[PDB]
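Below are the chains, spelled out letter by letter.
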Amino acid sequence: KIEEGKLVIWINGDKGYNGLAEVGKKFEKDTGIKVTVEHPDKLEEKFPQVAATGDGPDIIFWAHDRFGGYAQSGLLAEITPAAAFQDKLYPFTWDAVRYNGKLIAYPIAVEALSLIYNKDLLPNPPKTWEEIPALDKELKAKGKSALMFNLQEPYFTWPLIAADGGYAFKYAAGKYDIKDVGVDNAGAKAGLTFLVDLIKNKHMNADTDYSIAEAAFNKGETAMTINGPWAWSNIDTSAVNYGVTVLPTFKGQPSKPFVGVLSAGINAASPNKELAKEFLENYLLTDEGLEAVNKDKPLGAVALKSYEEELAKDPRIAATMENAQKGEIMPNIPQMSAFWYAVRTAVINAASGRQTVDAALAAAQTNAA
Ligand SMILES: OC[C@H]1O[C@H](O[C@H]2[C@H](O)[C@@H](O)[C@@H](O)O[C@@H]2CO)[C@H](O)[C@@H](O)[C@@H]1O
């Protein structure tokens, strides 16, 4: 079903799909080959469906945690670029895209969450989570909440959990110990506990998705949020005054957000295996190609060494790096498919209050399998 001769590209609707579209015309200009850009839903789950029955895109863009899962199922393209090309990118980004001594994806960007605040409505930041229960009331004397952020997803709620020692899989002898999961440890339980007890005093709401958080800030209904560099485009153009800084201290310990790497590979069935390699190596990963993508919807700390240290200036990005290096990198193994949903469940359950904090989690230890 994958057609012989052309390119179709898959990337999420929060990154730059209008920036990556403009890059397509320079590729259509020289070689004459067609390059369509797309942004479907549940593409983390749609890809290993369409690929597992001989379909799907030429190229897919996502955090590196799924690609080891796609390398297991056997629906990827093993990339073999020259080592001189691997010398142009920060070496550690390849240690993400290497499941079992062999290559499967190019790295493009380095992601991490960072505290954004409404400099206008709230001048200085809180440095513990602990003071937000007092911070809420003062702004709630003007119809405005302290913090709001997507609670439904685990990516945003994990930073707070990890702080006090909350871990997916224990780091035992190079590889990851699957058999010791740590979502239901004493530190993690108390982390989640604080997210729930924030909500129980109406200082956040339980069912606040992504769209509500963004909009609420981007106009001004609330004075804080937790989001990536990708949301700086809409904030800038919605004309808000905002700094970026550290993700603050749960129990005098730093939030450890899971550090993703926006990476890309090619389909197993695909007949255009060297067509994407000429597109990837030459056009996109450049100080012209990564510019127009960063223009539309920022990536922050890019993987190509040359363009990264040209835009390392912005205190926003530096602060994004500060969180990132203080947090830890996402593991790549297959069960990271299952790990994310185990918590995704357990969070919402206790978040609203449907279940006890301890039961939802001590269940979710089982779910990671
Ligand atoms: O922790 C899992 C949770 O976060 C990540 O999703 C991120 C993704 O990493 C970013 O590149 C961007 O797309 O924002 C996403 C959240 O909306 C995980 O990759 C994914 O399992 C899940 O969303």
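Method-wise, the PDB entry is recorded as coming from X-ray crystallography, at a reported resolution of 4.00 Å.

> Before we go on, may I ask you to explain the overall build of the protein in this structure?
Counting its secondary structure elements, the protein contains 15 helices and 14 strands. A compact globule built from 369 residues would reach a C-alpha radius of gyration of about 21 Å, and the protein, at 21 Å, matches this within 12%. Dimensions of the protein along its principal axes, counting C-alpha atoms only, are 60 × 45 × 35 Å. Put simply, the protein has 369 residues, and 53% of those count as buried. Long-range contacts, defined as pairs at least 24 residues apart, comprise 76% of the intrachain contacts of the protein with a sequence gap of at least 6. For the protein, the computed accessible surface area is about 16300 Å², with 50% contributed by carbon and sulfur atoms. Each charge class in the protein can be summarised by its mean position, and for the 38 positive and 47 negative side chains these summaries are 3 Å apart.

> What's the story with the sheet that holds strand β5 (residues 114-118) in this structure? I'm lost.
The strands that make up a sheet pair up through hydrogen bonds in the backbone, lying either parallel or antiparallel. Read across the open sheet, the 4 strands follow the order β6-β9-β5-β10; overall the sheet is mixed. Every interior strand has two partners, whereas the edge strands, β6 (145-147) and β10 (242-245), have only one. Between one strand axis and the next, the sheet turns by 20 degrees as a mean value, whatever way the strands run. With 2 bridges connecting them, β6 and strand β9 (residues 222-227) associate as parallel partners. Pairing of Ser145 across the sheet is with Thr222, part of β9. Each of β5, β9 and β10 is contacted by helix α8 (residues 210-219), which is oriented at about 135 degrees to β9, the strand it contacts most.

> Would you mind going over the pattern of salt bridges with me for this structure?
Note on pairing: side chains with opposite charge can pair once their charged atoms come close. Counted under the stated rule, the structure contains 8 salt bridges. A salt bridge links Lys26 to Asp30, with the nearest nitrogen and oxygen atoms 3.7 Å apart. Of this pair, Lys26 and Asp30 are both found in helix α1 (residues 19-30), 4 residues apart, which corresponds to roughly one turn of the helix. Judged by relative accessible area, which is 47%, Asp30 ranks as partly exposed. With its nearest N and O atoms 3.4 Å apart, the salt bridge here joins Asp136 to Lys140. Of this pair, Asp136 and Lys140 both sit in helix α5 (residues 132-140), 4 residues apart, which is roughly one turn of the helix. Exposure remark for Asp136: the relative accessible area of 3% places this residue in the buried category. Exposure remark for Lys140: the relative accessible area of 40% places this residue in the partly exposed category. Residues joined in a network through salt bridges with shared partners are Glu45, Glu153 and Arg344.

> What should I look at first to understand the domain arrangement of the protein in this one?
Quite often, the size of an interface is put as the accessible area lost when its parts meet. Split by domain assignment, the protein resolves into domain 1 (7-111 + 259-329) and domain 2 (114-256 + 335-367). Taking only C-alpha atoms into account, the centre of domain 1 sits 27 Å from that of domain 2. Residue-level contacts link 21 residues of domain 1 with 18 residues of domain 2. When the two sides are added together, the surface that domain 1 and domain 2 hide from each other amounts to roughly 1800 Å², 52% of it contributed by carbon and sulfur. Three residues, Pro298, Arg316 and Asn323, lead the burial of domain 1 against domain 2; their summed loss comes to 31% of the area buried on that side. Where domain 1 meets domain 2, there are 2 salt bridges. Remark: the boundary between domain 1 and domain 2 carries 11 residue pairs in polar contact. Elements represented by at least two residues in the side of domain 1 that touches domain 2 include exactly α11 (289-296) and α13 (315-326). Counting residues per element, the side of domain 1 that touches domain 2 draws most heavily on α13, at 6 residues. Its residues placed into classes, the side of domain 1 that touches domain 2 shows 4 nonpolar, 5 polar and 12 charged.

> What is the right way to read the packing of aromatic side chains from this model?
Two aromatic rings are characterised by how far apart their centres lie and by the angle between their planes. This structure, assessed with the given rule, holds 19 aromatic pairs. Between the aromatic rings of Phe339 and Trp340, the centroid separation amounts to 4.3 Å while the plane-to-plane angle is 35 degrees, which identifies the pairing as tilted. Of the two residues, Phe339 and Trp340, neither departs from the other in class, the shared state being buried. Every member of this aromatic cluster is reached through a ring pair, and the members are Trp158, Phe169, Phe258, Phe339 and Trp340. Of note, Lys15 hangs over the ring of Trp230, and the distance from its end group to the ring centre comes to 6.0 Å. Seen from the ring of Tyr167, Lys170 lies directly overhead, with NZ or CZ sitting 6.0 Å from the centre.

> Before we go on, may I ask you to explain the nonpolar core in this structure?
A general feature of soluble globular proteins is that nonpolar side chains tend to end up buried together. Grouped together as the largest cluster of nonpolar side chains are 113 residues, with contacts concentrated most on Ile59, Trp129, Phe149, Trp158, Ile226 and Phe339. Counting only domains with at least three residues in this core, you end up with domain 1 (7-111 + 259-329) and domain 2 (114-256 + 335-367). Each residue touching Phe339, except ones within four places of it in the same chain, is listed here: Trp158, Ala168, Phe169, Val183 and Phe258. Counting residues in hydrophobic clusters, the runner-up holds 5 residues, among them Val110, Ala112, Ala301 and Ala324.

> Looking at this structure, how should I read the site of the ligand?
Near the ligand there are 14 residues, and of these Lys15, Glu111, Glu153, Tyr155 and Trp340 occur at the shortest range. For the ligand, an oxygen atom lies 3.5 Å from a polar atom in the side chain of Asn12. In this structure, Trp340 approaches the ligand through a side-chain N or O atom, which is 2.9 Å from an oxygen atom. Taken by itself the ligand offers 470 Å² of open surface, and the protein chains cover 95% of this. At the level of elements, β3 (59-63) and α6 (154-163) are the ones that each hand at least two residues to the shell around the ligand. A domain-level breakdown of the shell around the ligand finds at least three residues from each of domain 1 (7-111 + 259-329) and domain 2 (114-256 + 335-367).

Criteria and thresholds
Residues numbered from 1 in each chain as written, not as in the entry; some residues may be left out. Heavy atoms only, no water. Helix = DSSP H or I, 4+ residues; strand = E, 2+ residues; numbered from the N terminus. Rg over C-alpha atoms; globule rule 2.2 N^0.38 Å. Buried < 20%, exposed > 50% of the residue type's maximum accessible area, 1.4 Å probe, protein only. Contact = heavy atoms within 4.5 Å. Areas by Shrake-Rupley, 256 points an atom, 1.4 Å probe, with all protein chains shown as cover. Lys, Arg positive; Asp, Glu negative; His and termini not counted. Charge placed at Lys NZ, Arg CZ, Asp CG, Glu CD. Pairing = 2+ DSSP bridges. Axes fitted to C-alpha atoms, helices over the stretch in contact; angles between N-to-C directions. Salt bridge = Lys/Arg side-chain N within 4 Å of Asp/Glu carboxyl O. Domains from an automatic or database assignment. Buried area = accessible area lost by both parts, 1.4 Å probe. Polar contact = N/O pair within 3.5 Å; in protein donor to acceptor, adjacent residues only side chain to side chain. Nonpolar A, V, L, I, M, F, W, Y, C, P; charged D, E, K, R; others polar. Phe/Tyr/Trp six-rings, centres within 6.5 Å; stacked < 30°, edge-to-face > 60°. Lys NZ or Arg CZ within 6 Å of the ring centre and 35° of its normal. Core = buried A, V, L, I, M, F, W, Y, C linked by side-chain atoms within 4.5 Å. Near = heavy atom within 4 Å.

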